[PDB]
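before the rest arrives, take these chains from my complex:
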Amino acid sequence: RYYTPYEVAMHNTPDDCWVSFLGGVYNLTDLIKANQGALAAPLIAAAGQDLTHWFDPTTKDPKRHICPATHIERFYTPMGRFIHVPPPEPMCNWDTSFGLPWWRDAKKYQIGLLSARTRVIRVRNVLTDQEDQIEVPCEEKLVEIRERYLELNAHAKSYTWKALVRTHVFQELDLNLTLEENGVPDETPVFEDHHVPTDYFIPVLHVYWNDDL
């Protein structure tokens, strides 16, 4: 699935910690639970934050540099030493028996996948007039847009969707095609580039009722 940045922000506590980095959303809760010391501070303090600036794209490990004091290459950790980072000097307590760093152990600490962009859909329930703005990832199939909208109407499954596809006529939308395939384009970049407010026009999704019993 996918997550908007705000959705990642909802979990910021040592009890439920989510971090987004390099396009991936990670639930580091069991880490903080199993490693509770001064090591866990720099990422507790960035719970629910975006952690991509720590790392580099070419390799999945954090950035490295030549340490000015010892002149030995090691991770650049201005924030502090996060879990799975070796101490600068030869110690007697940092074991290397553990398998993989948490930024490499995707299978055990990654859930979902961070959205690279988000858009505003204005959903309108045609039977009982109830407008509603909402933010959804700009790359998602209508099934999960319906899943997002299920918090607005608990009976949205029975309803049928419709969009102003192109002249322009309100036509049906296939569920498995994303908002861009179905003909609902995104124009916020053009809005910005042309000095038009990003809340001036919003694409609209009509939601009619399908009688059932």
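Sure, I can see it. Residues are numbered from 1 along each chain as shown, chains lettered A, B, ... in the order given.

ok, now which ones touch residue A:206?
A:124, A:126, A:161-163, A:170 (Cβ atoms under 8 Å, 6 or more residues apart in numbering). Any C-beta I mention is one placed from the backbone N, CA and C, and that applies to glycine too.

residue A:126 now?
By Cβ under 8 Å, 6+ apart, the neighbours of residue A:126 are A:206-209.

can you confirm residue A:124 is in a strand?
Yes - looking at residue A:124 with DSSP: H, G, I helix; E, B strand; the rest coil, it is inside a strand.

what bridges to it?
For residue A:124, the beta-bridge partners are residue A:131, residue A:206 (DSSP bridges).

and for it, the neighbour number?
For residue A:124, the neighbour count with other Cβ atoms under 10 Å is 14.

cool, and residue A:44?
Residue A:44, neighbours per other Cβ under 10 Å, totals 16.

what does the one 3 residues further on give?
Look at residue A:47: counted by other Cβ under 10 Å, it has 21 neighbours.

ok, the contacts of residue A:206 vs residue A:199, which is closest?
residue A:124 (16.2 Å; Cβ to Cβ).

tell me what the helix ranked longest in chain A is packed against?
Ranked by residue count, the top helix of chain A under DSSP state H comes out as helix A:142-149. Packing partners of helix A:142-149 (3 or more Cβ pairs under 8 Å, 6 or more residues apart in numbering; DSSP states H and E): strand A:130-137.

got the angle between the strand it packs on and helix A:142-149?
120 degrees (axes from the mean of the first three to the mean of the last three Cα atoms, to 10 degrees).

for chain A, what spans make up the helices?
With DSSP H as the criterion, chain A has helices spanning A:5-9, A:29-34, A:41-44, A:106-109, A:142-149, A:188-193.

what's the nearest residue to residue A:204 once chain neighbours are set aside in contact with, if anything?
Spatially, and ignoring its direct neighbours in sequence, residue A:204 is nearest to residue A:122 (4.9 Å; Cβ to Cβ, 6 or more residues apart in numbering). Going by Cβ under 8 Å, 6+ apart, residue A:122 touches A:131-134, A:202-205.

chain B should go on the structure too:
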Amino acid sequence: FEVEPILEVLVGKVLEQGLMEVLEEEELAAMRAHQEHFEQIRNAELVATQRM
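Just below you will find chain B, in place on the chains above:
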């Protein structure tokens, strides 16, 4: 004394037949007016959706 039974028969026919006809006409008129009312509601709702 001899025209009385003819009067009774014809008057009975007229009364019962007229009463039955008026009741049934009224009853159908009421039902069809109710149906037309519901259809009018539906048409108004259609017009509202088209307007939006």
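
can you check the neighbour count of residue A:124 again with chain B included?
15 (other Cβ atoms under 10 Å in any protein chain shown).

try residue A:25
Neighbour tally, residue A:25, other Cβ under 10 Å: 21.

my read: it touches residue A:115, true?
No - taking Cβ atoms under 8 Å as the definition, residue A:25 is not a contact partner of residue A:115, at 9.3 Å.

what touches both of those two?
Common neighbours of residue A:25 and residue A:115, counting by Cβ atoms under 8 Å, 6 or more residues apart in numbering or on different chains, are residue A:3.

what residue in chain A is the furthest from its centre?
residue A:92 (39.0 Å; Cα atoms, centre = their mean).

that residue and chain B, how far apart?
73 Å (Cβ to the nearest Cβ, to the nearest Å).

residues contacting residue A:114?
A:2-3, A:5, A:8, A:20, A:23-25.

wait, residue A:9 sits on residue A:50?
No - taking contacts as Cβ under 8 Å, residue A:9 lies outside contact range of residue A:50: 9.4 Å.

so residue A:173 is in contact with residue A:142, correct?
Yes - between residue A:173 and residue A:142 there is a contact at 5.7 Å, judged by Cβ under 8 Å.

what touches both of those two?
In contact with both residue A:173 and residue A:142: A:161, A:182, using Cβ under 8 Å, 6+ apart.

between the two, which one's more packed in?
Set residue A:173 next to residue A:142 and count neighbours by other Cβ under 10 Å: residue A:142 wins out with 22 against 19.

wait, what's in contact with the more buried one?
Here residue A:142 is in contact with A:161, A:173-179, A:182 (criterion: Cβ under 8 Å, 6+ apart).

try 10 Å this time
The contact partners of residue A:142, by Cβ atoms under 10 Å, 6 or more residues apart in numbering or on different chains, come to A:136, A:149, A:161, A:163, A:173-179, A:181-182, A:184, A:205.

ok, residue A:26 next?
Contact analysis of residue A:26 by Cβ under 10 Å, 6+ apart lists A:8, A:17-20, A:51, A:102-103, A:105-106, A:108-112, A:114.

what's the neighbour count on the nearest residue to residue A:134 once chain neighbours are set aside?
Counting by Cβ to Cβ, 6 or more residues apart in numbering or on different chains, residue A:134 lies nearest to residue A:121, which is 5.4 Å off, once chain neighbours are set aside. Other residues lying near residue A:121 total 20 when counted by other Cβ under 10 Å.
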